[PDB]
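*Asks:*
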Amino acid sequence: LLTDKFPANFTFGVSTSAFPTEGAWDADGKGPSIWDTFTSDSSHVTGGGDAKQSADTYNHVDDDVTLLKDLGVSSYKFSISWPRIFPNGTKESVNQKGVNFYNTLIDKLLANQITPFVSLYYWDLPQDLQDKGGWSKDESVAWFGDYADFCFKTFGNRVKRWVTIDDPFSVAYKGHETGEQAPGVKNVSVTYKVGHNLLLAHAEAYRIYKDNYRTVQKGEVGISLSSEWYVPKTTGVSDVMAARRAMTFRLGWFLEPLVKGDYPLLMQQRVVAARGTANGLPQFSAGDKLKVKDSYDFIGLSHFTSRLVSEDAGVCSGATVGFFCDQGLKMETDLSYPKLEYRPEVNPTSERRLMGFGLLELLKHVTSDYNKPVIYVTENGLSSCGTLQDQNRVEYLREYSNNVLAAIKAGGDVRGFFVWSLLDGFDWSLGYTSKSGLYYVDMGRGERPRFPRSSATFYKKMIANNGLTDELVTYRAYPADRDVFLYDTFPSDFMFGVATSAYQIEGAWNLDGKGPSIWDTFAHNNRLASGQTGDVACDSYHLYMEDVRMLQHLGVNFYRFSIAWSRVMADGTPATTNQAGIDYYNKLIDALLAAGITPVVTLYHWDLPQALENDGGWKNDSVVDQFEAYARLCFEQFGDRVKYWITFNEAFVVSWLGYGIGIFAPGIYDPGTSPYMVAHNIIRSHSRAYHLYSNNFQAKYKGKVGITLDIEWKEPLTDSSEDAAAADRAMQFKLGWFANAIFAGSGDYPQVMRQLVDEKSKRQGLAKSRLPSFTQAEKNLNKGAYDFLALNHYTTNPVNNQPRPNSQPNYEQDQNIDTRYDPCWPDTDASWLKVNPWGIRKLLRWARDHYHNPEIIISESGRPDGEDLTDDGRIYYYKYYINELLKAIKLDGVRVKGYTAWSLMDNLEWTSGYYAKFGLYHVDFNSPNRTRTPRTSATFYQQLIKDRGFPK
Ligand SMILES: *[C@@H]1O[C@H](CO[C@@H]2O[C@@H](C)[C@@H](O)[C@@H](O)[C@@H]2O)[C@@H](O[C@@H]2O[C@H](CO)[C@@H](O[C@@H]3O[C@H](CO)[C@@H](O)[C@H](O)[C@@H]3O)[C@H](O)[C@H]2NC(C)=O)[C@H](O[C@@H]2O[C@@H](C)[C@@H](O)[C@@H](O)[C@@H]2O)[C@H]1NC(C)=O
Ligand SMILES: *[C@@H]1O[C@H](CO)[C@@H](O[C@@H]2O[C@H](CO)[C@@H](O[C@@H]3O[C@H](CO)[C@@H](O)[C@H](O)[C@@H]3O)[C@H](O)[C@H]2NC(C)=O)[C@H](O[C@@H]2O[C@@H](C)[C@@H](O)[C@@H](O)[C@@H]2O)[C@H]1NC(C)=O
Ligand SMILES: *[C@@H]1O[C@H](CO)[C@@H](O)[C@H](O[C@@H]2O[C@@H](C)[C@@H](O)[C@@H](O)[C@@H]2O)[C@H]1NC(C)=O
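Under PDB author numbering, the residue at position 208 of the sequence shown is numbered 233, and the numbers go up by one with no gaps.
Have a look at this one:
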């Protein structure tokens with residue numbers, strides 16, 4: 026990479042085109058384009074969807090010009106929509122409201138010192154003109170002339186850089202031969218006639234400008250052409266001339282008519298050789314050659330890729346005519362150059378390659394063979410799945426703009442570089458499956474908010490320094506080791522397990538004297554899917570012996586399950602101790618130990634006995650004593666054989682879902698106060714349960730007590746310091762809510778929660794703050810009240826700052842945050858779970874740094890899949906999350922002592938019923954015997970334990 030400065034009056038720009046970004050497809054009298062009609066057929070668009078709104082730039086001029094001021098670009102390339110100016114294509118349809126929109130944009134651009142670089146035709150052909158033949162017709166030269174003449178006299182007093190036609194190759198070939206772009210015509214005999222008329226339309230536009238508008242307006246008029254760079258597959262003369270021939274058919278098809286005055290002679294000969302003399306390229310009239318030759322002030326170039334070309338006379342057969350059968354060559358991807366996908370294993374055959382040298386050679390070729398024209402790179406950029414930490418785009422922007430510097434030093438007269446693109450949009454036939462903006466656009470929000478990707482920060486800094494600096498040479502958007510797969514084994518101490526839950530597997534909700542749960546009541550109130558209940562579930566009350574055999578087949582070291590409070594105490598009181606309940610858990614513990622499997626017992630999970638919810642449940646404050654007496658009964662009966670206790674599972678869910686929005690049991694909706702009241706007692710219940718164990722049981726039993734908290738990793742949406750503070754704030758409010766008082770050291774809530782809920786409570790007119798206050802004695806009982814930390818981790822979220830100065834009392838509104846999902850993270854059967862393996866690694870270091878380097882167990886990890894036995898999604902998930910877990914141990918030193926896979930078998934997924942299959946075993950819930958069937962994932966997990974990591 027060169028650290029030289031760009032020339033003095035070099036233009037750093039950025040590009041959009043009307044249809045991918047404007048939206049408002051029929052607002053204010055705009056007529057339909059061929060792309061409106063084309064995209065109305067889902068089969069034409071990858072991933073479906075339409076551009077009826079897309080990025081909605083028609084309604085964001087003020088916001089988008091502010092983004093242009095933030096980058097510091099000198100100029101802005103955009104497109105005028107023909108059907109928005111002339112709804113039916115003719116000058117009689119002139120729509121003043123469409124004229125007003127572009128005037129607003131041009132005026133606002135110049136008020137902020139940004140040069141307009143205006144394109145007249147970026148494929149937006151009005152549907153009415155297509156209905157009468159489109160570009161195949163000789164009338165299209167006149168249609169375009171009247172339309173160009175209008176924009177010249179209407180905007181030309183301010184617009185000084187014009188592009189007649191953008192990428193005629195795609196308009197002709199992709200739009201009329203293969204049909205992949207609008208208007209979807211598939212006719213090999215139309216393409217050369219369309220390119221012919223595009224060149225004639227551009228010439229008529231250039232002629233109109235030179236004679237009627239140039240003397241007064243003093244602007245420039247050019248055309249923009251697209252070209253890949255073609256490197257020969259071998260050094261043989263055959264392939265070197267096949268590569269040069271592909272450059273001729275793709276770029277010289279239009280460049281040679283405008284420079285030399287005719288189609289390239291090589292191109293003329295090849296088509297007549299493959300099609301017949303009656304079917305050659307169109308002939309230019311003597312007057313046509315006069316109008317076309319030298320009809321440019323600059324040449325625009327859009328470049329993206331380099332491909333390998335080799336001679337292939339039999340690339341087609343049986344006289345199958347066509348644009349690429351006339352050339353007699355094949356194109357391949359150069360897999361020798363870095364792949365630009367989200368992760369190393371994504372799409373091995375990818376064409377997105379880091380080949381900046383191709384742009385250097387393209388520019389030098391255009392300078393050498395076409396008499397050194399003025400060049401603007403009007404479009405150059407990388408297509409992504411959409412991530413905002415776009416190291417791939419940063420590398421692309423860094424390398425490719427650096428090869429522009431090399432062309433200028435090699436004599437290339439390149440005066441501008443325009444990045445494709447400014448925002449995300451509807452990338453033609455790729456639809457929304459392809460993102461390219463320096464700014465991400467959230468297409469799930471009506472206002473379509475814009476957010477800078479890391480490439481926006483890079484481009485801003487490079488323009489500020491007029492080239493690269495040492496900081497920009499080595500700049501990275503994320504650490505270089507993030508996606509590297511680590512082949513290694515786990516430490517000797519490391520345990521593998523799987524987990525279940527009492528209400529989700531056991532059944533027998535009222536057999537043998539068991540009292541009812543708040544989840545028995547939730548289910549019997551038809552609050553679960555299809556009125557499905559956990560009345561039988563997997564019948565683990567009767568079939569626990571099957572569970573042990575499955576655990577033996579997996580080879581797990583430990584098995585984490587939960588005790589049902591209502592099964593050992595009918596009403597949650599020792600007065601209702603159910604010896605039958607004691608015996609059931611004694612049988613499960615003994616069968617696990619006889620099989621050499623370590624039992625791990627969760628005390629609570631989520632099934633409070635209804636008798637205690639009647640007295641106020643977790644809001645009642647004596648629940649601290651009630652939970653302590655329940656913990657005592659468990660420590661006495663089972664403490665002799667159970668050596669790892671977990672007090673609570675996902676106290677966040679019990680607090681916010683159960684007592685906040687009331688979607689889980691007990692179903693109380695009070696999002697302002699009760700979640701904090703319940704979490705307060707949970708912290709106080711866990712602390713008293715821990716001290717009861719260390720004071721009265723740890724000496725003789727030598728066990729460890731922990732707590733399990735669920736948490737998504739919280740990644741900043743943007744590299745800004747306000748978004749980094751927002752991400753940490755989202756961590757504190759969900760994980761720190763409980764972990765801070767137990768693990769951080771102060772025995773108290775995170776300072777951010779106390780500051781924020783107090784201040785908002787005061788504005789809302791509340792006598793006391795909605796977040797309770799610990800007594801100094803209570804804080805001291807919280808301090809160090811643990812032996813290990815346990816984390817449930819499934820997914821992550823990008824977070825951004827979002828002040829809410831008028832928010833109502835609400836645990837989520839108190840946080841001043843907003844959440845999204847990275848578009849690159851794959852989906853699962855659950856709308857809230859996205860696959861992001863490195864989230865568990867960043868989460869583990871966060872817990873390590875904030876909680877005094879504790880012993881950590883991952884108590885839950887997994888995803889839903891389909892019902893068939895081949896769950897490749899589950900395997901992909903475990904393969905890479907466990908590898909990221911291994912990285913947190915070996916590479917990061919985090920004291921991770923165990924890993925728990927959710928779940929052992931299909932079970933009742935709370936409100937989602939049995940429709941969400943989470944298990945390594947399939948469970949037939951229509952069988953009375955509830956047969957369990959191992960999936961592919963069970964073998965993969967069993968094999969991974971044997972290997973103790975990842976070998977080779
Ligand atoms: C292209 O649009 C022009 C503007 O018309 C407006 O947009 C079109 C898409 C349509 O929605 C119209 O309703 C809009 O007004 C067309 O010109 C217009 O043509 C119409 C007739 O088609 C004409 O209406 C007539 O006006 C006379 C009085 O002058 C009245 O007695 C009639 O009853 C009827 O109302 C408009 O006045 C006229 N406007 C302008 C500015 O020209 C254009 O149509 C073509 O050109 C006009 C001059 C006539 O010769 C039409 O026969 C002819 O088709 C549209 N062109 C095409 C190819 O569709
Ligand atoms: C938390 O939940 C406990 C357990 O239910 C509540 O204690 C109970 O309060 C009931 C009243 O709400 C008591 O019932 C009354 O008992 C007396 C006899 O003592 C009868 O004469 C009378 O008619 C009622 O039946 C119940 O005895 C009591 N149970 C226990 C074990 O204490 C508790 O309520 C609160 O605390 C108790 C100690 C009393 O002071 C109650 O008046 C008070 O409301 C619940 N606490 C909260 C904050 O909801
Ligand atoms: C492909 O384009 C050529 C050149 O413009 C047309 O002449 C072809 O049309 C042919 O002639 C018409 C009258 C009709 O018979 C059509 O079926 C013929 O192929 C055109 N071909 C197609 C299929 O549209």
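Even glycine gets a Cβ: it sits at the ideal position worked out from N, Cα and C.
#1: Nearest to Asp-646 by alpha carbon, out of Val-703, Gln-577, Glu-281?
#2: Could you have a look at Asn-720 and say whether DSSP puts it in helix, strand or coil?
#3: Under 8 Å, do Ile-767 and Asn-721 count as touching if we go by C-beta distance?
#4: At what residue ranges does the region 371 to 429 contain a whole run of the alpha helix (DSSP H), taking only runs of 4 or more?
#5: State the DSSP-derived secondary structure class of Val-188, mapped to helix, strand or coil.
#6: Taking the alpha carbon of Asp-545 as the reference point, which residue from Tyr-484, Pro-691, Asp-537 has its own alpha carbon closest?
#7: Tell me whether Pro-741 sits in a helix, a strand or coil according to DSSP, three-state version.
#8: Check the DSSP bridge columns for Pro-624 and list the partner residues they point to.
#9: Under 8 Å by Cβ, that's how I've got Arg-585 and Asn-603 pegged, so tell me the actual separation to the nearest angstrom.
#10: Report the three-state DSSP secondary structure of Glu-638 (helix, strand or coil).
#11: Between the Cα of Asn-222 and those of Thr-525, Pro-307, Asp-287, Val-213, spot the shortest distance and give me the residue it belongs to.
#12: Within 7 Å: the Cβ of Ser-118 and any heavy atom of ligand 1?
#13: Verify the contact flag: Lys-162, CB atom, against every heavy atom of ligand 3, threshold strictly below 7 Å.
#14: Taking only three categories from DSSP, how would you classify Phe-515?
#15: Suppose contacts are defined by Cβ-Cβ distances below 8 Å. Is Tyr-726 in contact with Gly-809 by that definition?
#16: Determine contact between the region 80 to 99 and the region 31 to 50, defined as no fewer than three beta-carbon pairs at a distance below 8 Å.
#17: Looking only at C-alpha atoms, which of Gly-450, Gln-577, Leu-717 sits nearest to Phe-521?
#18: When you compare the region 510 to 517 with the region 480 to 492, are there three or more beta-carbon pairs, one atom per stretch, that lie closer than 8 Å?
#19: Just the C-alpha distance for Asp-843 and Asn-128, rounded to the nearest angstrom, thanks.
#20: Give me the Cα-Cα distance between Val-860 and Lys-133, rounded to the nearest whole angstrom.
#21: With DSSP as the reference, label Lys-668 as helix, strand or coil.
#22: Go ahead and label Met-778 buried or exposed: buried means 16 or more other beta carbons lie within 10 angstroms of its beta carbon, across all protein chains shown.
#23: Quick one: any contact between the region 891 to 908 and the region 648 to 667, if contact means 3 or more CB pairs under 8 Å?
#24: Using the C-alpha atoms, what's the distance from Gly-353 back to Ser-214?
#25: On the CB-based measure, 16 or more other CB atoms within 10 Å of its CB, does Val-262 come out buried or exposed?
#26: Taking DSSP's pairing of strands, which residues face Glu-336 in a bridge?
#27: Can you give me the C-alpha to C-alpha distance between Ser-408 and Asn-427, rounded to a whole angstrom?
#28: Figure out for me which residue from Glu-661, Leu-385, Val-498, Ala-913 has the closest Cα to the Cα of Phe-442.
#29: Straight-line CA distance for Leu-333 to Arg-269?
#30: Starting from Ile-842 and walking both ways along the beta strand (DSSP E), at which residues does that stretch end?
#31: Alpha helix (DSSP H) containing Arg-475: first to last residue?
#32: What whole-angstrom Cβ distance do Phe-111 and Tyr-172 have, given they're in contact under 8 Å?
#33: Are there any heavy atoms of ligand 2 lying less than 7 Å away from the beta-carbon of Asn-645, as far as the coordinates show?
#34: Where does residue 8 fall in DSSP's three states?
#35: Note down, in chain order, each residue of its chain lying with its Cβ closer than 7 Å to the Cβ of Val-297, except the 5 sequence neighbours on either side.
#36: Alpha carbon to alpha carbon, what distance is there between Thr-558 and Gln-529?
*Replies:* With the structure as the only source:
#1: Nearest C-alpha to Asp-646: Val-703.
#2: DSSP places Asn-720 in helix when its eight states are reduced to three.
#3: Not in contact: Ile-767 and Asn-721 (Cβ atoms no closer than 8 Å).
#4: List check, alpha helix (DSSP H) in window: 382 to 394.
#5: Three-state result, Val-188: strand.
#6: When each option's Cα is compared against that of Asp-545, the closest is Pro-691.
#7: Three-state result, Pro-741: strand.
#8: The partner list for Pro-624 (beta bridge, DSSP) reads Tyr-584.
#9: A Cβ-Cβ separation of about 23 Å leaves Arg-585 out of contact with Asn-603 under the 8 Å criterion.
#10: Three-state DSSP puts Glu-638 in a helix.
#11: Closest in C-alpha terms to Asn-222, from the list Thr-525, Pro-307, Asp-287, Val-213, comes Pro-307.
#12: Taking 7 Å as the cut-off, one finds at least one heavy atom of ligand 1 near enough to the beta carbon of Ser-118.
#13: Not under cutoff, so the answer is no.
#14: Of the three classes helix, strand and coil, the one that applies to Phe-515 here is coil, per DSSP.
#15: No, the pair does not count as a contact, with Cβ atoms beyond the cut-off.
#16: Because the criterion of three Cβ pairs below 8 Å is met, the region 80 to 99 and the region 31 to 50 touch.
#17: The candidate whose alpha carbon is nearest that of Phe-521 is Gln-577.
#18: Verdict: no, contact absent.
#19: Rounded to whole angstroms, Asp-843 and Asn-128 show a C-alpha spacing of 35 Å.
#20: Near 42 Å, if we compare the C-alpha coordinates of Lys-133 and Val-860.
#21: In the displayed model, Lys-668 falls within coil according to three-state DSSP, outside both helix and strand.
#22: Flag for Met-778 reads buried.
#23: Using a C-beta cut-off of 8 Å, the region 891 to 908 makes no contact with the region 648 to 667, since fewer than three inter-stretch Cβ pairs fall below that distance.
#24: Near 18 Å, if we compare the C-alpha coordinates of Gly-353 and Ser-214.
#25: It is exposed - the Cβ of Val-262 has fewer than 16 other Cβ atoms within 10 Å.
#26: The partner list for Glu-336 (beta bridge, DSSP) reads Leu-354.
#27: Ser-408 and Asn-427: Cα-Cα distance of roughly 19 Å.
#28: The residue with the shortest Cα to Cα distance from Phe-442 is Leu-385.
#29: Here the alpha carbons of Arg-269 and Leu-333 stand approximately 11 Å from one another.
#30: For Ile-842, the enclosing beta strand (DSSP E) has its first and last residue at 842 to 844.
#31: Boundaries for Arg-475: no alpha helix (DSSP H) harbours it, while the beta strand (DSSP E) harbouring it runs 475 to 477, taken from the DSSP string.
#32: About 6 Å; that satisfies the 8 Å criterion.
#33: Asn-645 has its Cβ nearer than 7 Å to a heavy atom of ligand 2.
#34: The shown model of the chain, from 26 to 977, leaves out residue 8, and the question about it has no answer.
#35: Exclusion of the five residues before and after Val-297 leaves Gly-305 as the residues of its chain whose Cβ lies within less than 7 Å of its Cβ.
#36: In a straight line, the C-alpha of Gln-529 is about 9 Å away from that of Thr-558.
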